[PDB]
Amino acid sequence: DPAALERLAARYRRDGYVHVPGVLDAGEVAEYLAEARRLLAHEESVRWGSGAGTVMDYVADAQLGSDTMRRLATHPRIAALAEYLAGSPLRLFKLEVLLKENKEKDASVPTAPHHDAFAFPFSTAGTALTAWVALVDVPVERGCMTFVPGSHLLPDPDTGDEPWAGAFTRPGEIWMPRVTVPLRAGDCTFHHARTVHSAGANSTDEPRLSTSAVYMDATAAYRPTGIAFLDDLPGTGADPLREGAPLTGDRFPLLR
Ligand SMILES: COC(=O)[C@@H]1c2cc3c(c(O)c2[C@@H](O[C@H]2C[C@H](O)[C@@H](O)[C@H](C)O2)C[C@]1(C)O)C(=O)c1c(O)cc2c(c1C3=O)O[C@H]1C[C@H](N(C)C)[C@H](O)[C@]2(C)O1
Ligand SMILES: O=C(O)CCC(=O)C(=O)O
Ligand SMILES: [Fe+3]
């Protein structure tokens with residue numbers, strides 16, 4: 001439906017995020033859920049966290065080891081929506097499998113507000129787009145996301161040491177309204193790289209399971225952030241990548 005798709009993009013451009021219900025059907029939810037759980041149970045995951053507690057555990061570049069996650073990353077529906085919203089052809093940069101859950105010694109904590117854009121090591125970072133796919137039901141108390149509508153239109157934050165920093169530092173910004181978006185299993189959000197967003201702690205006893213996939217302009221090139229763990233891209237060859245090197249081929253596949 002063209003009109004519907006144009007209305008969706010209109011919302012995207014105004015707010016910097018959009019909620020799309022039922023982008024996966026129930027069988028797809030169960031497939032991708034099963035694999036997400038398999039990967040978190042058997043592959044190596046990264047802890048994002050601190051002495052305050054775990055923000056999440058995640059499987060980095062989950063699409064390189066799992067053909068199933070690669071199909072979720074390049075899912076035709078998600079991909080057609082992404083390109084229509086971004087307005088130009090795209091490539092996958094990465095997909096991560098995300099987990100917030102409470103453990104005995106380690107209570108889930110919120111994902112603090114942040115600005116993803118310049119934490120992405122590519123030339124078109126400022127216009128990147130993220131698809132966050134719910135694989136279980138994510139009501140507010142399970143740690144759904146909150147967005148600041150229109151925040152993608154603000155001047156970028158003053159360049160700190162942290163490329164993801166500077167949410168709620170622009171003039172007037174703290175006075176902007178904030179939108180909390182619970183999601184059902186198989187819904188996704190798309191959000192712009194400059195859109196400020198957060199997520200709650202998971203205060204329930206059922207894990208929050210989702211994937212987050214970053215999409216970039218089809219012509220993007222490597223741009224180091226300065227942070228080693230963001231800049232060190234696996235499956236890109238023996239040697240470190242050089243600034244301005246194209247991100248092409250099967251490693252960074254065309255969505256189309
Ligand atoms: C120097 O920062 C750190 O060592 C920690 C840390 C780490 C991150 C981030 C951090 O804020 C922090 C640090 O950030 C704050 C967190 C707390 O509010 C406070 O306890 C602490 C002093 O400072 C903590 C720590 C141990 O130093 C991120 O914010 C971050 C991010 O916003 C986005 C990403 C981030 C991060 C962080 O990794 O990493 C990857 C994976 C993500 N996935 C799972 C959605 C994203 O793709 C992405 C772009 O890349
Ligand atoms: O899932 C979360 O808690 C945060 C996700 C996020 O910051 C992102 O996907 O850009
Ligand atoms: Fe983010």
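Starting from 1, each residue takes its place in the sequence as its number. Both counts, for ligands and for their atoms, begin at 1 and track the order of listing.
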* Tell me which part of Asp116 gets within contact of ligand 1: side chain, backbone, both or neither, using heavy atoms under 4.0 Å. => side chain
* Within reach of ligand 1, part of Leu230 (heavy-atom separation under 4.0 Å) -> side chain
Give the numbers and elements of all ligand 2 atoms closer than 4.0 Å to a heavy atom of [X].
X      : result
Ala199 : 3 (O)
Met56  : 1 (O), 2 (C), 3 (O), 4 (C)
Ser212 : 9 (O)
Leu98  : 1 (O)
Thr111 : 2 (C), 3 (O), 4 (C)

Under 3.5 Å, N or O to N or O, is [X] touching ligand 1 that way?
X      : answer
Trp48  : no
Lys94  : yes
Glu162 : no

* So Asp231 and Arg223, salt bridge (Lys or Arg N to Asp or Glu O under 4.0 Å) or not? Walk me through it. -> CA-CA 8 Å; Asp231 292 358; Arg223 190 192 50 81; over 6 Å; no
* Between CD of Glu83 and OG of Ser88, what distance do you get to the nearest 0.5 Å? ->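 Rounded to the nearest 0.5 Å, the CD-OG separation comes to 7.5 Å.
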Yes or no, since that's all I need: does a protein heavy atom fall within a distance strictly under 4.0 Å of [atom]?
atom                    : value
atom 26 (C) of ligand 1 : yes
atom 15 (C) of ligand 1 : no
atom 11 (O) of ligand 1 : yes
atom 3 (C) of ligand 1  : no
atom 49 (C) of ligand 1 : yes
atom 22 (C) of ligand 1 : no

* Asked: Has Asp250 got more than 12 heavy atoms of other residues, nucleotides or ligands less than 6.0 Å from its CG?
  ->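 Atom CG in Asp250 is not crowded, with 12 or fewer foreign heavy atoms closer than 6.0 Å.
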* Verify the neighbour count for atom CZ of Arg47: are there more than 12 heavy atoms of other residues, nucleotides or ligands below 6.0 Å? => yes
Quick one: does any side-chain atom of [X] pair with a main-chain N or O of [Y] as donor and acceptor, under 3.5 Å?
X      : Y      : answer
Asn202 : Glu206 : yes
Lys100 : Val109 : yes
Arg170 : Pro155 : yes

Using a strict cut-off of 4.0 Å, indicate which atoms of ligand 1 neighbour a heavy atom of [X].
X      : result
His114 : 32 (O)
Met56  : 44 (C)
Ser50  : 20 (O)

* To do: Please say whether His114 places an N or O atom under 3.5 Å from an N or O atom belonging to ligand 2.
  =>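 By distance alone, the answer is yes.
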* Asked: Mind checking whether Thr130 has an N or O less than 3.5 Å away from an N or O of ligand 2?
  -> no
* **Sequence-distant partners of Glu6, salt bridge (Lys or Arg N to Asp or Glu O under 4.0 Å), two or more places apart** => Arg13
* To do: From atom 1 (O) of ligand 2, work out which of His197, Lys100, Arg208, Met145 has a heavy atom at the shortest distance.
  => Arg208
* State whether a side-chain donor-acceptor pair under 3.5 Å links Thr180 with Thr146. => yes
* To do: Answer with yes or no whether the side chains of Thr54 and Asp106 bring together a donor and an acceptor at under 3.5 Å.
  =>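 Judged by distance alone, the side chains do pair up.
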* To do: Evaluate the side-chain proximity of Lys103 to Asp57: yes if any heavy-atom separation is below 4.5 Å, no if none is.
  => yes
* To do: Flag the pair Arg71 and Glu31 as a salt bridge only when some basic side-chain nitrogen lies within less than 4.0 angstrom of an acidic carboxylate oxygen.
  => yes
* May I ask you to check whether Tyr17 and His192 place their ring centers less than 6.0 Å from one another? => no
* Asked: Do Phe122 and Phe93 have ring centres separated by under 6.0 Å?
  ->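 Distance test on ring centres: under 6.0 Å, yes.
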Considering non-hydrogen atoms of the protein only, which is the closest contact for [atom], and what is the distance?
atom                    : result
atom 45 (C) of ligand 1 : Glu96 OE1, 3.3 Å
atom 10 (O) of ligand 2 : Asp116 OD2, 2.8 Å
atom 18 (O) of ligand 1 : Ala112 CB, 4.2 Å
atom 39 (O) of ligand 1 : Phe229 CE1, 3.7 Å
atom 41 (C) of ligand 1 : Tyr58 OH, 3.4 Å
atom 35 (C) of ligand 1 : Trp164 CE3, 4.3 Å

* What do the steps show when you test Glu28 against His75 for side-chain hydrogen bond (donor to acceptor under 3.5 Å, both in side chains), and what is the final call? -> CA-CA 10 Å; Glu28 300 180 296; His75 191 276; 2.9 Å; yes
* With a 4.0 Å cut-off on heavy atoms, does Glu96 reach ligand 2? ->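 Under 4.0 Å: no for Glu96.
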* To do: Before giving the answer on salt bridge (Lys or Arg N to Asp or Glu O under 4.0 Å), spell out for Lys94 and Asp61 the whole-Å C-alpha distance, their side-chain angles and the decisive distance to 0.1 Å.
  => CA-CA 5 Å; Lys94 68 182 172 164; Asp61 295 288; over 6 Å; no
* To do: Please confirm whether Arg178 makes a cation-pi placement over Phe168, using NZ or CZ under 6.0 Å from the six-membered ring centre and within 45° of the ring normal.
  => yes
* Out of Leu90, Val18, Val20, which one pairs with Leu85 under the side chain to side chain contact (heavy atoms under 4.5 Å, CB included) rule? -> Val18
* Asked: Under 2.8 Å from the Fe ion (ligand 3), protein N/O/S atom count?
  ->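 Counting protein N, O and S atoms closer than 2.8 Å to the Fe ion (ligand 3) gives 3.
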* Within-shell test, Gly49 vs ligand 1, heavy atom, strictly < 4.0 Å ->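 Within the 4.0 Å threshold, so yes.
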* Asked: Minimum heavy-atom separation for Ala82 to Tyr215, with atom names?
  -> CB-CD1, 4.3 Å
* Asked: Parallel, tilted or perpendicular for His197 and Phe147, by the 30°/60° rule?
  -> tilted
